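Engineer: Which chain is which? The protein sequence lines are A and B, in order.
The end of the first sequence is residue 256 by the entry's author numbering, with every number in the run present.
The end of the second sequence is residue 256 by the entry's author numbering, with every number in the run present.
Got a structure for you, written out below as structure tokens; questions coming shortly.
Number of protein chains: 2
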Amino acid sequence: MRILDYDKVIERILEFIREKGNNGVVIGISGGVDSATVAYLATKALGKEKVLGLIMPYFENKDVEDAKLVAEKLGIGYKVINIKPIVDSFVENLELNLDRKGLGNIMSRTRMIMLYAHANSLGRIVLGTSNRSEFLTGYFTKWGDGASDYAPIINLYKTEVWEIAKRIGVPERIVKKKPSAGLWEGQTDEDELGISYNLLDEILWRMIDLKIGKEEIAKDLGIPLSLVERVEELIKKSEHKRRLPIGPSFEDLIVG
Amino acid sequence: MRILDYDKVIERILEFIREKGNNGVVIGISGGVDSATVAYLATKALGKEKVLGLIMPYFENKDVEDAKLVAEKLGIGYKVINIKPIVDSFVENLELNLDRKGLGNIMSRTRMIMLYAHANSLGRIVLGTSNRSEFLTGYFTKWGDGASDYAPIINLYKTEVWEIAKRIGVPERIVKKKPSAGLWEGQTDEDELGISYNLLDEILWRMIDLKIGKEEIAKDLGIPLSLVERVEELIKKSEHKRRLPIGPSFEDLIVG
Ligand SMILES: [Zn+2]
Ligand SMILES: [Zn+2]
Ligand SMILES: [Zn+2]
Ligand SMILES: [Zn+2]
Ligand SMILES: [Zn+2]
Ligand SMILES: [Zn+2]
């Protein structure tokens, strides 16, 4: 995988957060490693008084315990907000069936509204916790979690996020935890993507950053071309998630 | 001002819609001219059985009346969803003060969630109703109504939308009604932007499309260079609304 000079990378992230969130920030803390890493970097960069964490569970599971652990060890201000009543109200108003992915989308978008409502009230910005691995594969809710003012680790692959998390003191059981967006019980990132993040990042790195042909990738890693075509598919089918709403142009229709 | 070939613009928009939303569409109808125009274009392009209109009032005013009329004339399926209970619940969880714009943003984002919940359930796409005038001045809610799968008129200035609204047969009182985002009683676009759309568009077109200096612009018009800077102001401060969440880059830190 590409090699980064973490010492310098971490430094640049901290400087970036200092420059963008001097007036304080609001972050969604879920108990996963991405939001915890952003929570740690933001705290070290601005100091705990400038970091408000919102823990917004839908399910009452151990994930909440992990998030509070992050909040606790950092000493930041935080708030636990049960979003199930609001989420279910969206569903009751829908009056139609909705699969688990659609329901997960409501949860994530509901968290987005909560984050922005708090940031707006406090004159703060919202720090998103998405990473490049999710960004390139479309593994995120459009307009939901992820949607923020600034995203400190959007340009870092998952593998790198884990390395940085360990280096900054993020709880080990969190760093080692199996990745899960937590939209429904039993949801597992690698099972949904059908590949580990380690193997994914190796492909994205070569396919997007290096622009290395599908064939060179498969062999230059001893992996089935299928696995490579798969990844390339996730990227193509999620291109609509990496751009603002588009419409028709009318340049050749201008008159004079 | 720019001169467009309306008959052809409409034709292109209809083709765009027939291409992007063959499986049906969900549109937020608010009783304003933009959403009305998109509703008319979508209906004429796909047939009324492929257009679902969600009317989502927070206030109980005339606004809801115009929304229903648009839905009635088109014969499309429609659903009236009172969003106040959900919006007020967000506020209750907030437990902090929120000015009218912040509250207006909760409304807009709540409608976005409703729109995608129906779209997701019915396997349809969401058509945004923002226009270029709003887009360039940042006069919309981030992740709110400014969030959809496709925005058919986003590249048309407000003045051009009005013209198109008349040609496709949008109700006259709506086409003539004074522009308002309706996020708070008494709200007026022109009154809030400190300029009429007609003048605004003249400037935008010249300042952004033609890339003409504000100096000559103030000249070719007859308006104080201060009003011309006021627009340049609105544009620069809304740059954060015309892009996806960004984070720091690390190209120079990659050890290759
Ligand atoms: Zn490697
Ligand atoms: Zn109903
Ligand atoms: Zn994540
Ligand atoms: Zn793994
Ligand atoms: Zn509009
Ligand atoms: Zn006017």
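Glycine residues also receive a C-beta, built at the ideal position from the N, C-alpha and C atoms.
(1) Whose C-beta lies closer than 6 Å to the C-beta of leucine 234 of chain A among residues of the same chain, with five residues either side of it excluded?
(2) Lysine 44 of chain A and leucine 14 of chain A look like a contact to me (Cβ under 8 Å); what is the Cβ gap, rounded to whole Å?
(3) In the structure shown, what three-state DSSP assignment does residue 257 of chain A receive?
(4) Entirely within the segment 73-149 of chain B and at least 4 residues each: give me those alpha helix (DSSP H) ranges in chain order.
(5) Please list the partners that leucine 4 of chain B has in chain A, where partner means a Cβ-to-Cβ separation under 8 Å.
(6) Pull out every residue of the segment 120-154 of chain A whose Cβ sits closer than 8 Å to any Cβ of chain B, in chain order.
(7) Report the residue ranges of all beta strand (DSSP E) runs contained in full by the segment 199-238 of chain B; include only those spanning at least 3 residues, in chain order.
(8) Taking the alpha-carbon positions, what's the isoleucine 154 of chain A to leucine 183 of chain B distance?
(9) Compare the C-alpha of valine 231 of chain B against each of B/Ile254, B/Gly256, B/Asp201, B/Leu253 and name the closest.
(10) Under the assumption that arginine 111 of chain A contacts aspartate 66 of chain A (Cβ atoms under 8 Å), give the Cβ distance between them as a whole number of angstroms.
(11) I think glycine 24 of chain B touches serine 35 of chain B, with their Cβ atoms under 8 Å apart; what is that distance to the nearest whole Å?
(12) Pick out every residue whose C-beta is nearer than 7 Å to a heavy atom of ligand 1: which are they, in chain order?
(13) Counting only the same chain and skipping the five closest in sequence on each side, list residues whose C-beta sits under 8 Å from that of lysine 48 of chain A.
(14) Taking only the alpha-carbon atoms, compute the straight-line gap between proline 245 of chain A and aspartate 149 of chain B and give it to the nearest angstrom.
(15) Let me check one thing: in DSSP terms, what residues is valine 51 of chain A bridge-paired to?
(16) For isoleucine 254 of chain A, which of helix, strand or coil comes out of DSSP?
(17) Could you confirm whether any beta carbon from chain B is found closer than 9 Å to the beta carbon of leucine 156 of chain A?
(18) Should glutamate 190 of chain B be counted as a contact of ligand 6 given a C-beta to heavy atom distance under 8 Å?
(19) Would DSSP call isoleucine 195 of chain A helix, strand or coil?
(20) According to DSSP, simplified to helix, strand and coil, what is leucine 41 of chain A?
(21) Short of 7 Å Cβ to Cβ, which residues in the segment 88-105 of chain A face chain B?
(22) Residues of chain A with CB under 9 Å from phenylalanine 16 of chain B, in chain order?
(23) Could you work out which residues of chain A lie near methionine 112 of chain B, taking near to mean beta carbons separated by less than 8 Å?
(24) Is the shortest distance between the beta-carbon of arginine 206 of chain B and the beta-carbons of chain A less than 9 Å?
(25) Run the proximity test for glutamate 229 of chain B: is its beta-carbon closer than 8 Å to any non-hydrogen atom belonging to ligand 3?
(26) Round the Cβ separation of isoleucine 86 of chain B and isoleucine 86 of chain A to the nearest angstrom and send it over; I've been treating them as touching at under 8 Å.
Structural biologist: In brief:
(1) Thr137
(2) 6 Å
(3) Residue 257 of chain A lies beyond the stretch modelled for chain A, which goes from 1 to 256, so this question has no answer here.
(4) 84-94, 100-122, 132-137
(5) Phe250, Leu253, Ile254, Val255
(6) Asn120, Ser121, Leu122, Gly128, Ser130, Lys142, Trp143, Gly146, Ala147, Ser148, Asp149, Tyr150, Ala151, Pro152, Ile153, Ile154
(7) none
(8) 32 Å
(9) B/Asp201
(10) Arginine 111 of chain A to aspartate 66 of chain A, Cβ: 16 Å. No contact.
(11) That belief does not hold up - the Cβ atoms of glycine 24 of chain B and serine 35 of chain B are roughly 17 Å apart, past 8 Å.
(12) A/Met1, A/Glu202
(13) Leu74, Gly75, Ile76, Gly77
(14) 6 Å
(15) A/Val25
(16) strand
(17) yes
(18) yes
(19) coil
(20) helix
(21) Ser89, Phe90, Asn93, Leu94, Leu96, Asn97, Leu98, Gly102, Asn105
(22) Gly247, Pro248
(23) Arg109, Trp143
(24) no
(25) no
(26) 6 Å
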